[PDB]
Every structure is written in structure tokens, then in C-alpha cells.
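Encoded as C-alpha cells, the structure appears first; notes follow it.
Only this structure's heavy atoms are used, side chains among them; waters, hydrogens and symmetry mates stay out. We count residues from 1, following the sequence as given. Whatever order the structure lists them in is the order used to number ligands and atoms, beginning at 1.
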Amino acid sequence: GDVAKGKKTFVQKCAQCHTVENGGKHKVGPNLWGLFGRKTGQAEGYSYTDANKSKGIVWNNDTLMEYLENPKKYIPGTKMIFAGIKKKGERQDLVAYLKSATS
Ligand code: HEC
């Protein structure tokens, strides 16, 4: 993945619902600061679905790549309404940016 191309994808497809920065708001979905290594459902002050909280995974390159292909198939019942990034390369750029931007 390339970080700069992942930032482009993030602003195009994600940023209307999420922030990445430390101390950032919960815009529509939860703020993503500290994502990598965290269990699901952990951002303070956000109300998640029981589907998200019960998924039983830790967010890392591997589980993000899977989730971002098709969110509703990975977490049935999630309130994140997004069809997914189907191209692997674009997903890899995005996860490279998220890793860079959220710690
Ligand atoms: C608004 C229409 C959203 C878009 C577009 C994207 N996301 Fe999202 N996301 C949204 C909500 C409402 C939620 C909460 C889901 C729930 O069931 O409670 C989320 C959640 C995530 C998560 C999980 C966060 C964690 O468990 O703490 C991630 C990793 C995430 N979203 C990533 C993400 C990215 C990278 C997006 C662009 C490709 C994206 N989201 C778009 C709402 C919305």
C-alpha cells in the first residue's frame, strides 16, 4: 500500500463518517484514533451495535482488509452502511494510511 493514495481514498470514501485524529469527533461513525490492536466496539463515548461489539476480533491489517471488502458480510447487522472497497490494491493503500494516521 501507499500512504498518500490511501489518504485520497480515505477522504473520498470515509471522511464524511469518520475522523482519524487524536481527540477527533465521532462524526457519524466512531473516531478511529488508536484503531490498530484494539478490540471492536471500543471508542469511548460511541454507541455501537451489538453486532459490532460481539464480533470477537482485534483490528489489524488482516481483519481490516477483510472488513473493508464487504462490511455487512463480516459484521452482519452493523450500522455502518458502506458496500465496500472491492479492489485489493485500493484497500491496501487505505489500510497503509490508517496505520500511519491513527497512531
Ligand atoms: C457513514 C455512512 C460511514 C461510512 C461511509 C464508513 N463508515 Fe465506518 N462506521 C460507520 C459507523 C456508523 C460505524 C459503527 C458501526 C456499528 O455497527 O456500530 C462504523 C465503524 C467502522 C469501523 C469499526 C470501528 C471500531 O470497531 O471501533 C471501522 C474500522 C470503520 N468503520 C472503517 C471505515 C472506513 C475505513 C471507511 C471508508 C472505507 C468507512 N468506515 C466508511 C459509518 C461509516
Side-chain angles (χ1 to χ4, degrees):
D2 288 305
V3 169
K5 286 180 142 137
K7 190 172 180 180
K8 175 184 65 185
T9 296
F10 186 84
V11 176
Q12 203 177 213
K13 296 175 181 189
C14 312
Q16 69 284 352
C17 291
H18 290 282
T19 56
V20 283
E21 62 272 8
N22 183 7
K25 302 283 239 50
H26 303 314
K27 204 174 168 60
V28 173
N31 171 257
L32 299 178
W33 177 258
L35 188 58
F36 285 70
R38 83 176 184 215
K39 300 191 281 173
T40 60
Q42 297 299 288
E44 265 231 325
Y46 194 77
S47 298
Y48 293 86
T49 59
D50 67 308
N52 177 116
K53 293 190 210 125
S54 70
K55 177 63 182 183
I57 64 91
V58 168
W59 290 124
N60 58 36
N61 304 45
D62 190 322
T63 57
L64 283 164
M65 283 289 297
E66 188 163 354
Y67 176 58
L68 294 171
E69 189 182 10
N70 191 336
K72 74 144 231 323
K73 184 191 198 232
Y74 193 68
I75 312 191
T78 182
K79 64 177 180 169
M80 170 164 144
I81 308 303
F82 178 66
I85 317 280
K86 309 300 176 176
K87 295 164 127 39
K88 204 235 284 193
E90 190 181 348
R91 231 178 305 133
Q92 288 182 118
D93 290 334
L94 183 54
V95 166
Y97 167 73
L98 287 174
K99 200 192 303 169
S100 182
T102 62
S103 62

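Of all the heavy atoms of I81, the ones lying under 4.0 Å from any atom of ligand 1 belong exclusively to the backbone. At a heavy-atom distance under 4.0 Å, only side-chain atoms of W59, from C-beta outward, approach ligand 1. Of the heavy atoms in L64, only side-chain atoms (C-beta onward) come closer than 4.0 Å to ligand 1.
Within the 4.0 Å heavy-atom cutoff, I75 does not count among the residues contacting ligand 1. Residue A51 places every heavy atom at 4.0 Å or more from ligand 1.
With contacts defined as side-chain heavy-atom distances shorter than 4.5 Å, the pair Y74/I57 qualifies. Here the side chains of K55 and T49 are not in contact, with every heavy-atom distance at 4.5 Å or above. Looking at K88 and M65, their side chains come closer than 4.5 Å, going by heavy atoms from C-beta outward. Contact of the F36 side chain with the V95 side chain is registered, since non-hydrogen atoms from C-beta on lie closer than 4.5 Å.
Annotation: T40 places no N or O atom under 3.5 Å from an N or O atom of ligand 1; distance criterion only. At under 3.5 Å, not a single nitrogen or oxygen of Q16, backbone or side chain, sits near a nitrogen or oxygen of ligand 1. Considering backbone and side-chain N/O atoms, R38 comes within less than 3.5 Å of an N/O atom of ligand 1.
Between atom 12 (C) of ligand 1 and the options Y97, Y46, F82, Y48, the minimum heavy-atom separation is to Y46. Proximity annotation for atom 36 (C) of ligand 1: of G41, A15, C14, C14 comes nearest, heavy atoms only.
Side-chain N or O atoms of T63 include one that pairs as donor or acceptor with a backbone N or O of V58 at under 3.5 Å. Side chain of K72 to main chain of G77: no donor-acceptor pair is present (N/O by atom type, distance under 3.5 Å, no hydrogens or angles).
For atom 18 (O) of ligand 1, the closest heavy atom belonging to the protein is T49 N, 3.0 Å. In terms of protein heavy-atom proximity, atom 13 (C) of ligand 1 is closest to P30 CD, 3.6 Å. Among all non-hydrogen protein atoms, the one lying nearest atom 28 (C) of ligand 1 is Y67 CE2, 3.7 Å. Taking atom 11 (C) of ligand 1 as the reference point, the nearest protein heavy-atom neighbour is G29 CA, 3.5 Å. Counting protein heavy atoms only, atom 32 (C) of ligand 1 is closest to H18 NE2, 3.8 Å. Given atom 1 (C) of ligand 1, the protein heavy atom at minimum distance is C17 SG, 1.8 Å. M80 CG, 3.7 Å is the protein heavy atom nearest to atom 42 (C) of ligand 1. Atom 16 (C) of ligand 1 has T78 OG1, 3.4 Å as its closest protein atom, hydrogens excluded (heavy atom only).
Put simply, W33 and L94 are part of two different groups of oily side chains (I, L, V, M, F, W, Y) that touch within less than 4.5 Å, one to the next.
Close approach of ligand 1 to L68 is summarised as follows: ligand atoms under 4.0 Å from at least one heavy atom of the residue are 34 (C), 35 (C). Every atom of ligand 1 with a heavy atom of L94 under 4.0 Å away is listed here by number and element: 38 (C). Listed by atom number, the atoms of ligand 1 under 4.0 Å from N52 heavy atoms are 16 (C), 17 (O), 18 (O), 23 (C), 26 (O).
Note on ring orientation: taking the six-membered ring where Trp is involved, the planes of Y97 and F10 are tilted (angle from 30° to 60°).
With a 6.0 Å radius and a threshold of 12 heavy atoms from other residues, nucleotides or ligands, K7 has its NZ atom at or below the threshold. Few gaps surround NZ on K79; more than 12 heavy atoms of other groups in view lie less than 6.0 Å from it.
No hydrogens or angles considered: nothing links the side chains of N52 and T78 as a donor-acceptor pair under 3.5 Å.
Remark: of the listed residues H26, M80, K25, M80 is the sole one forming a side-chain contact (heavy atoms from CB on, under 4.5 Å) with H18. Just one residue in the list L98, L35, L32 forms a side-chain contact (heavy atoms from CB on, under 4.5 Å) with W59, and that residue is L35.
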